[PDB]
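**Q** So the sequence shown is residues 0 to 28, 46 to 468, counted in PDB author numbering.
A virtual CB, placed ideally from N, CA and C, is assigned to each residue, including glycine.
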Amino acid sequence: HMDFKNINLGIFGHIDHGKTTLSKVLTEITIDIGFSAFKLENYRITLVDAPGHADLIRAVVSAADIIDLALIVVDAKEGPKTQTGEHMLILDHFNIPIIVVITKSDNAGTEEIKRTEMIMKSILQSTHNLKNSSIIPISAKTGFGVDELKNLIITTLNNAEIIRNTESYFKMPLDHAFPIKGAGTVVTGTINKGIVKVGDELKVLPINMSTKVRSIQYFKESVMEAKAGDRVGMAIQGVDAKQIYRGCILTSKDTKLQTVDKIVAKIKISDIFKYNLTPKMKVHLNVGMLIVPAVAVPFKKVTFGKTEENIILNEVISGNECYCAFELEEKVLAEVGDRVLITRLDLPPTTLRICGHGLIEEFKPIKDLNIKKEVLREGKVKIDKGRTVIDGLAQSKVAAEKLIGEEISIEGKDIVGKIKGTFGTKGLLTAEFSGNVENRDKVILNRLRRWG
Ligand SMILES: Nc1nc2c(ncn2[C@@H]2O[C@H](COP(=O)(O)OP(=O)(O)NP(=O)(O)O)[C@@H](O)[C@H]2O)c(=O)[nH]1
Ligand SMILES: [Mg+2]
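See below:
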C-alpha cells in the first residue's frame, strides 16, 4: 500500500482547558503522559497527551524531546492562564511548531472567542520561533471546526522540516518499564536517533547493563526494525523492571552519551527582565528526562588579543554570550549539543517558571574554566599648582599603597601611564603618565582578577 510517515504530536495547556477531550476526539478517527494514535492522510500520528497540572510539569518538559509538532489549548472563555505560557515557552525554546487551539468555543460567544483569539495573537508575537502560528477555535464536544483543525495539522506537517536521524548511534529514553519475569522486561520509549533491529544487544544507563531486544512492538504490530521517530514497545532480556526507573536511557554500545556532573552550556535567556546574573545561583536544571538541582555561574568569553578568557558576566546581556557553568547535585545523562532547560520550579504554579535554555557546549567544572573577574575602578585626575593627583581609585592610604605600580589609562584621550606612589591619609595617588594630562580627567584602572 502507501508509505506512512511517523509523527509525534504533543498536546499542552492549562488544567481543564480541554486537552484530554481534544485527544479523544482525535484518536477515534492525567498524571502521566497519555499515548494514543491516529492517521491523517498518510501521517501516522502518535499522540502525546501532556498533564495540565503544574506539579506535573516535569512530565510536560519531558514530553517535548519526542514531538515534532504540538497543540496548545486555551479556553475560549477564560483565555490563557499561567501554564499556557510555560508550555508556550518550553515549545518555543525547543523550536517546536505549534498550532494554538481555542477549546470550548461552544461555551463562549463570538465576541469572547475573537477576544481570546487576539490575545493569543498578541502573545505569539512575543515569542521567538512561534512568531506567527495559526489559531483555530474548536469545540471538541460540538465538533465545531474540528474538521478544519485536522486539515491544519496536515498542512503544518507538510511544511515542517522533520529530520529523522538514522545515521548516528541508537539512542532511546525509557518512559515506563514493566516486568514479565526474572529473565525479561518490557520498556517503552520513542527513539531519538539511530536504528534498532530485533535481536540486537543494547544497554541501559546509567546503571550500565547489557541486554538484548526480543521484540519490537510498533503501532500495535510486531516489526523487525524500528527507526528514530518511532514510538516503540520493546522487550529486552538481561534486566529486571525494578532497576529501570524514570531517568533510564537505552542506547547502543557506540554511544556518545556520558553520565555527567559538571555542565557548561551556551545559555539564551527567556525573559531578560525576569533574568538575573548574580552568579552561583540555585536552580533546577532540566537534562534528558530528569530534573537535578544545580548551581550556575554565568560568564562570557572575551578575546584580549592573545588568549581568550572566561569572564564572569559584566551584567551586560548585550551580545549573546551568557555561558553558564553548571554544577549538578545529582548525576545526569547528556551529550554535547543537547538542548538544556533552566527552570526554577521552586516557585508557585501561578508564575512563569522558565529561567531559560541552552545548548551544552562542554562538560567541564568551574575550576578548570579558569574563571576571571573583569576589574574596573574609576578615579579622577585632580591637578593643583604643580602637582597631579588621582582620586577615587583608593579610599585610604593602605588601599592606595597596594595600588602602586598598576596600569592606568585615561578615558577618551588614548593615553597611557603608571601609578607610582601614595599621597595623603585620604588615599589619593600620584602617577607618571604621558603628558597633556588635564583637570577632571577620567582615570580607568584595569586588571584581571581570580573569581570566587
Ligand atoms: N463544552 C465543552 N467542554 C469541553 C470541551 N473540551 C473539554 N471540555 C470539558 O472540560 C473539562 C476538562 O476536560 P479535559 O480534556 O479533561 O481537560 P484536560 O486538559 O485533559 N485536563 P488535565 O489538564 O487535568 O489533564 C471536562 O468537563 C470536559 O467536558 C469542549 O470542546 N467543549
Ligand atoms: Mg487530561
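Name the one or two DSSP bridge partners that residue 250 has.
**A** Position 234 of the sequence shown, counted from the start, is the residue given in the question as residue 250. Its beta-bridge partners are 203, 232.
**Q** Do the CB positions of residue 106 and residue 149 come within less than 8 Å of each other?
**A** For the purposes of this step, residue 106 is taken as residue 90 along the sequence shown, with counting starting at 1. For the purposes of this step, residue 149 is taken as residue 133 along the sequence shown, with counting starting at 1. Contact: no.
**Q** Restricting to Cα atoms, I'd like to know which of 273, 198, 51, 6 is closest to residue 353.
**A** In the sequence shown, counting from the first residue as 1, residue 353 sits at position 337. Per the Cα distances, 273.
**Q** From residue 376 to residue 49, what distance separates their C-alpha atoms?
**A** Here residue 376 is taken as the residue at index 360 of the sequence shown, counted from 1. Here residue 49 is taken as the residue at index 33 of the sequence shown, counted from 1. C-alpha separation (whole angstroms): 26 Å.
**Q** Between which two residues does the beta strand (DSSP E) harbouring residue 188 extend?
**A** If you number the sequence shown from 1, residue 188 lands on position 172. Element bounds for residue 188: 187-189.
**Q** Quick one: is the Cβ of residue 19 within less than 7 Å of any heavy atom of ligand 2?
**A** By one-based count along the sequence shown, residue 19 stands at place 20. Flag set: Cβ of residue 19 near ligand 2.
**Q** Do residue 9 and ligand 4 come close, with the Cβ less than 7 Å from some heavy atom?
**A** Absence of ligand 4 is noted for the structure shown, with ligand 1 and ligand 2 being the only ligands found.
**Q** Quick one: Cα of residue 10 to Cα of residue 386, how far?
**A** As a position in the sequence shown, residue 10 is number 11, starting the count at 1. As a position in the sequence shown, residue 386 is number 370, starting the count at 1. Rounded to whole angstroms, residue 10 to residue 386 spans 44 Å at the Cα level.
**Q** To which residues does DSSP link residue 433 through a beta bridge?
**A** Reading the sequence shown from its first residue, position 417 is the one you call residue 433. Answer is 424, 449, bridged to residue 433.
**Q** Does the stretch 391-407 come close enough to the stretch 127-135 to have 3 or more Cβ pairs within less than 8 Å?
**A** Taking 8 Å as the limit for Cβ pairs, the verdict is that the stretch 127-135 does not touch the stretch 391-407.
**Q** According to the Cβ coordinates, are residue 162 and residue 64 closer than 8 Å?
**A** Sequence index remark: in the sequence shown, residue 162 carries index 146 (1-based). Sequence index remark: in the sequence shown, residue 64 carries index 48 (1-based). Taking 8 Å as the Cβ cut-off, residue 162 and residue 64 do not qualify as a contacting pair.
**Q** Hey, how far is the Cα of residue 6 from the Cα of residue 62?
**A** The residue you call residue 6 lines up with position 7 of the sequence shown. The residue you call residue 62 lines up with position 46 of the sequence shown. Taking the straight line joining both Cα atoms gives about 6 Å.
**Q** Does the separation of the CB atoms of residue 284 and residue 192 fall below 8 Å?
**A** Start at 1 with the first residue of the sequence shown, and residue 284 comes out as number 268. Start at 1 with the first residue of the sequence shown, and residue 192 comes out as number 176. In this structure, residue 192 does not lie closer than 8 Å to residue 284 by Cβ.
**Q** Is the stretch 353-370 touching the stretch 275-294 in the sense that three or more CB pairs, one from each, lie closer than 8 Å?
**A** The stretch 275-294 vs the stretch 353-370: in contact.
**Q** Where residue 379 and residue 343 are concerned, what is the direct C-alpha to C-alpha distance, given to the nearest angstrom?
**A** Along the sequence shown, read from residue 1 onward, the residue named residue 379 stands at position 363. Along the sequence shown, read from residue 1 onward, the residue named residue 343 stands at position 327. Cα to Cα, the separation comes out at about 10 Å.
**Q** Does the distance between the C-beta of residue 68 and the nearest non-hydrogen atom of ligand 1 fall short of 7 Å?
**A** Translated into positions along the sequence shown, residue 68 becomes position 52. Answer for residue 68: yes, Cβ within range of ligand 1.
**Q** For residue 436 versus residue 420, is the C-beta spacing smaller than 8 Å?
**A** As a position in the sequence shown, residue 436 is number 420, starting the count at 1. As a position in the sequence shown, residue 420 is number 404, starting the count at 1. Closer than 8 Å, so yes.
**Q** Evaluate the contact criterion for the stretch 250-268 versus the stretch 206-222: three or more CB pairs, one atom per stretch, below 8 Å.
**A** Because the criterion of three Cβ pairs below 8 Å is met, the stretch 250-268 and the stretch 206-222 touch.
**Q** Can you look up residue 89 in the DSSP assignment and give me helix, strand or coil?
**A** Counting from one through the sequence shown, the residue named residue 89 turns up at place 73. In the structure shown, residue 89 sits in a strand (DSSP, three-state: E or B).
**Q** Over what stretch of residues does the beta strand (DSSP E) that includes residue 60 continue unbroken?
**A** Start at 1 with the first residue of the sequence shown, and residue 60 comes out as number 44. Start and end: 59-65.
**Q** Just curious, the beta strand (DSSP E) that residue 403 is in, first and last residue?
**A** For the purposes of this step, residue 403 is identified with residue 387 of the sequence shown, where counting begins at 1. Looking at the DSSP string, the run of the beta strand (DSSP E) that includes residue 403 is 403-407.
**Q** Would you call the stretch 423-443 and the stretch 398-414 touching, i.e. three or more CB-CB distances under 8 Å?
**A** These segments touch.
**Q** Mind checking who residue 458 pairs with in its DSSP beta bridge?
**A** Counting from one through the sequence shown, the residue named residue 458 turns up at place 442. DSSP, once it has assigned bridges, lists 396 as partnering residue 458.
**Q** Considering only heavy atoms of ligand 1, does any lie closer than 7 Å to the CB of residue 35?
**A** Residue numbering in the chain jumps from 28 to 46; residue 35, which lies between, is not modelled.
**Q** Quick one: is the Cβ of residue 100 within less than 7 Å of any heavy atom of ligand 2?
**A** Locating residue 100 in the sequence shown gives position 84, where the first residue counts as 1. No; taking the cut-off as 7 Å, the Cβ of residue 100 has no heavy atom of ligand 2 nearer than that.
**Q** DSSP beta-bridge partners for residue 310?
**A** As a first step, residue 310 is located in the sequence shown; it is residue number 294 there, counting from the start. Its beta-bridge partners are 299, 344.
**Q** In terms of residues, what are the limits of the alpha helix (DSSP H) holding residue 273?
**A** Taking the first residue of the sequence shown as 1, we reach residue 273 at position 257. Note, residue 273: premise wrong, no alpha helix (DSSP H); not H, not E.
**Q** Per DSSP, what kind of secondary structure is residue 100 in: helix, strand or coil?
**A** In the sequence shown, the residue the question calls residue 100 occupies position 84. Residue 100 falls in the helix class under three-state DSSP.
**Q** Any heavy atom of ligand 1 closer than 7 Å to the beta-carbon of residue 86?
**A** By one-based count along the sequence shown, residue 86 stands at place 70. No - ligand 1 has no heavy atom lying nearer than 7 Å to the Cβ of residue 86.
**Q** Between 76, 240, 327, which has its C-alpha nearest residue 232's C-alpha?
**A** Taking the first residue of the sequence shown as 1, we reach residue 232 at position 216. The option with the nearest alpha carbon to residue 232 is 240.
**Q** Looking at the structure shown, is residue 262 part of a helix, part of a strand, or coil, going by DSSP?
**A** Against the sequence shown, residue 262 aligns to sequence position 246. DSSP places residue 262 in coil when its eight states are reduced to three.
**Q** Should residue 314 go down as buried or exposed, given a rule of 16 or more other Cβ atoms within 10 Å for buried?
**A** Locating residue 314 in the sequence shown gives position 298, where the first residue counts as 1. Result: buried.
**Q** What does the alpha-carbon distance come out to for the pair residue 256 and residue 202?
**A** Taking the first residue of the sequence shown as position 1, residue 256 is located at position 240. Taking the first residue of the sequence shown as position 1, residue 202 is located at position 186. Near 9 Å, if we compare the C-alpha coordinates of residue 202 and residue 256.
**Q** Can you list the beta strand (DSSP E) stretches of 3 or more residues lying completely in the stretch 131-210, in chain order?
**A** Entirely contained in the stretch 131-210, the beta strand (DSSP E) runs reaching 3 residues are, in chain order, 151-153, 187-189, 193-197, 200-206.
**Q** May I ask you to check if the CB of residue 46 is nearer than 7 Å to at least one heavy atom of ligand 2?
**A** Residue 46 sits at position 30 when you count from the first residue of the sequence shown. Yes, the Cβ of residue 46 comes within 7 Å of a heavy atom of ligand 2.
**Q** Distance check for residue 140 and residue 391, CA to CA, integer angstroms please.
**A** Translated into the one-based positions of the sequence shown, residue 391 becomes position 375. Translated into the one-based positions of the sequence shown, residue 140 becomes position 124. Cα to Cα, the separation comes out at about 41 Å.
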